[PDB]
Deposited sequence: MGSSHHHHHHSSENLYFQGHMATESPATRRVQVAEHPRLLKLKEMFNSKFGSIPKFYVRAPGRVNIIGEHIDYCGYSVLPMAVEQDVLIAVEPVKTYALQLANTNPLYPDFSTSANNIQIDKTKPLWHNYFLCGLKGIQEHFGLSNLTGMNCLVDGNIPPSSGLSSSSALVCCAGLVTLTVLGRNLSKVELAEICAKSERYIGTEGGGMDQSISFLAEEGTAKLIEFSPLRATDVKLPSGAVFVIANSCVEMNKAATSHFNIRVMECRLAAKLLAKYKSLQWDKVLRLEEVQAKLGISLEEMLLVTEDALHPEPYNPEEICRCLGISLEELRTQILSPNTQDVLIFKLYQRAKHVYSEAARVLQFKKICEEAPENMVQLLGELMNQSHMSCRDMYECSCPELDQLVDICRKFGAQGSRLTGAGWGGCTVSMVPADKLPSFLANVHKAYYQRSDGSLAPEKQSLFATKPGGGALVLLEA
């Protein structure tokens, strides 16, 4: 709708975290914070690597979040600090993102920048901020987005301007891209739009969030592989985006569309008016399974190597020489269908629901592992263990190449799953049960 992030009264005393934030802020800046902002991380139940392709996804917010204590100031200076020494203090007074190197404060700046630009503001929003995030970083739980989103909300609030949760999501999804990742809007959308007690089907263009009621007899558990993967510091992520972009263009061309304008896999389907099942057949016909090379792509599209490199590919991807068009498209179209089916099942709630939902997750994991090639040994091993121990469904979550897994565990298997999994892979940080949490909020002291 037009609804904005809520502002809630809390008793600092009851929240070890805010108390701590409060006290450290005062010691750090000499004054108590005027307000706080929280933006949660999230677990994607199913629908991996498709948001940027324009397809609907099914995440839910987790409890872990990024919490920021704030104090507006008159100077046009931004002073940032973190409760974790791993993240150095930083200050700026700049009127106008390096993306030469991913320093933590640049994620905060992406968020601030999106907001200031949205309002055509040139000057820096003056403030003192102390950051505390408890989402395991670079683990597929969107710690980067929680930070960007929290920073955007902070900025908005300091500016005293208004934005709906939807616009916040839209703006943050584009601003995070200044860090250099060419991802989608799932993470930012769920961070602002989540509601406690329900997952959301997040659809794009236009952005809409729809409640999805999860199975009553099973519990979702996150288990971190503990292999860290920093999306902004590596090229893996963007290569996949490009492969999809290129696949979309070739598909369009093969179907005689105006491919030059095409950027996403979903557009092709949309333009053709066919079903996802049908898009798989088109894919099968239009894209050869063996990889594509730059020169071949260039000949197919009727463009130049230079056009490709500078006009289509991203800087961090201009020297890619192997494009797995077929596999990426196949993963995408099949995965977008799985999300739709998962939602349908949750709504109809058949008897064998957990089982069916579980199968969809397992199918998702194998497509990610085999077709999108975004899993890793540790993830595969953990997923096996989860299943061994009771998970009806288990798969990697978030971008992959390390990070977390998400398992759907029957209630009765819960206690044993946890102990067994722990014992098996880890010999509440890396392994913990979760449930659908609420979205980003503004906090004022009770």
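- Residues of the deposited sequence with no modelled C-alpha atom fall in the ranges 1 to 21, 118 to 119, 451 to 459.
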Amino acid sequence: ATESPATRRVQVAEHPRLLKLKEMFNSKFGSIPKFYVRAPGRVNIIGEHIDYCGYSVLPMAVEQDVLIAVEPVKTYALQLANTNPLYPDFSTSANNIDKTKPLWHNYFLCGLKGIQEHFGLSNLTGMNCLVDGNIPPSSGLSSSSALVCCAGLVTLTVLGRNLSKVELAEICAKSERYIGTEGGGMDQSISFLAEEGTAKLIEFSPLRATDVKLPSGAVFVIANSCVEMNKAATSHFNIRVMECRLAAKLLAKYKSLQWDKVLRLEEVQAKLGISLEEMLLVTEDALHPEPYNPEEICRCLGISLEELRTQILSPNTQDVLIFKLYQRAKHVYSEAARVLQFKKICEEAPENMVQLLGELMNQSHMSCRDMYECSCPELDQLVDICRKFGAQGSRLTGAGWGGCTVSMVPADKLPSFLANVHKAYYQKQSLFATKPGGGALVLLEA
From here on, numbers count along this sequence of modelled residues.
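- The stretch 260 to 268 shows the higher mean C-alpha B-factor when 320 to 328 is compared against 260 to 268 in the entry.
- Between the stretches 180 to 188 and 311 to 319, it is 311 to 319 that shows the larger average CA temperature factor.
- Of the residues listed, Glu203, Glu117, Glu351, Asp89, the entry assigns the biggest Cα temperature factor to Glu351.
- Of the residues listed, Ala199, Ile97, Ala209, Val241, the entry assigns the biggest Cα temperature factor to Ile97.
- Residue-level temperature factors show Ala440 in the lowest third of its chain, judged at the C-alpha atom.
- In the deposited entry, the Cα temperature factor of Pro33 places it in the highest third of its chain's modelled residues.
- When the modelled residues of the chain are ordered by C-alpha B-factor, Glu170 sits in the middle third.
- Annotation for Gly111: CA B-factor lies in the lowest third of the chain's modelled residues.
- The entry lists a Cα temperature factor for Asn128 that places it in the middle third of the chain's modelled residues.
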